[PDB]
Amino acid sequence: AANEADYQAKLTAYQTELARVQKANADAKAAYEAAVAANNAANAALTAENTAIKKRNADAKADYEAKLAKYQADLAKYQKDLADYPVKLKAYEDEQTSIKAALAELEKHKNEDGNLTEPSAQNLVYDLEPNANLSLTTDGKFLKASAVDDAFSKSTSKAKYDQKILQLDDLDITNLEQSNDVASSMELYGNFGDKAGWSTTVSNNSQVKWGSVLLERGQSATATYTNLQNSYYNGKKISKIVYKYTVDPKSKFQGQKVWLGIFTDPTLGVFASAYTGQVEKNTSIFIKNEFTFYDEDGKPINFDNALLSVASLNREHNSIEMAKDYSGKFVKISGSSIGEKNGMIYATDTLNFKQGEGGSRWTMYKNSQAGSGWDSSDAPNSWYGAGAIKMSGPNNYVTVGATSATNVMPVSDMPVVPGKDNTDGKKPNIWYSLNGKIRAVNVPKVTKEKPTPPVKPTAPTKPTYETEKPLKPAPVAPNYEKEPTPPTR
């Protein structure tokens, strides 16, 4: 009995110890699972972040190399410009000396025929741009080239047309006013393509092209000329010119429509016409011109006394071509028929059509007389019908047109040409251009631009790389307690 009681005591003790170890190991296992979960979470995040780090580093490296490529090009350009600076500076300084010496000599001839009364160098080189590109917008109507061709082949310009000549001042615009003459985009017309070899009143047999529009008073057309090759301001290349042509509401032509032919070469200007077949008394046609020149960077050029040539200002016994409402200051050419009066630039005191008529010194067209044919691009004395306007600022303007003499002054104050009636009607049309081809003699031109120290580029910022992190080692498994041994009876 004592042994049995002793045995049961040990059995109970044993079973209690067993249960203790079991619970203890259960808690241990739970703690190990918690450590395992924490370790797995840690390595999951480390693995994911490492993948992310590899990607960020790759992108960083790629962006950096992309930047070095642009920088390398910029730096090479910088070092080149830096090396060329002295050469450009000498060229500039050397031309500046020459021009100043040239102006000094001119000062002594400023009152001789053909000389600008105010000696000045032409900082604006803008004389010929045959390869310029013309883009037009308008609040009027674009005219189809086929319609322009048809108009030239009919009415008053037909005779010349049939002789392979495009006579712009004879074009009857009546045939450009039909609704079916309107185009959706600008179309070029001229003595090219199927009409290569033809002549026109603009540049004889040289090829010219123009876009056409039909405008009413107050309406305009804006021309954007690009692809310029030979124009500069103070040696700085001119890359673009934006020019707006507006029909002056004050124009007195009888019609309500105007045809504008805008040449692709900006230096050739424009032809404006309200002519419908018959001459008109007390008539006029004026076109407002607003323009801005731009540099290679597309920035507006702020002129500092740029010389604008105003030439071919014809004055017949019944007609006066003039420039007015202009920005800038008029500069007279000594000996020229052109002067300024009441805000208008024109032949103020004499006519300039035929020698001996109304005080004209020379005949505008070529004939048997010395000096005849002054009204031509290459005439030695074209200055006889020209002047200049010194302009400053990026936005300039001037209105150019033709008007009956009777609109400008009383009949009693006009020159008398025996056999000619000063009240004769005229055609309400005109061709004119505004460029830098100063007609005065021996005018020095600026061709060397003053150089500016190049801007040194900035090397790209070194890439910021991150280090990947090592995974954490798995937690060590706990050492569970061993079970107690069963007692024996």
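Position 1 is the first residue in the sequence shown; the rest follow in order.
- Remark: stretch with higher mean C-alpha B factor among 475 to 483 and 11 to 19 is 475 to 483.
- Comparing the deposited coordinates for 429 to 437 and 29 to 37, the stretch with the larger average C-alpha B-factor is 29 to 37.
- For the set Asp127, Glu340, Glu296, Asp325, the PDB entry puts the maximum C-alpha B factor at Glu296.
- Across the residues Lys100, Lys288, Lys164, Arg361, the deposited record lists the maximum Cα B factor for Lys100.
- In this PDB entry, the Cα temperature factor of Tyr92 sits in the top third of its chain's modelled residues, the highest group.
- Per the PDB record, residue ranking by Cα B-factor puts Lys252 in the lowest third of the chain.
- Ranked against the other modelled residues of its chain, the C-alpha B-factor of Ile238 as given in the entry falls in the middle third.
- When the modelled residues of the chain are ordered by their C-alpha B factor, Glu118 lands in the highest third.
- In this PDB entry, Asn422 carries a Cα temperature factor that places it within the lowest third of its chain's modelled residues.
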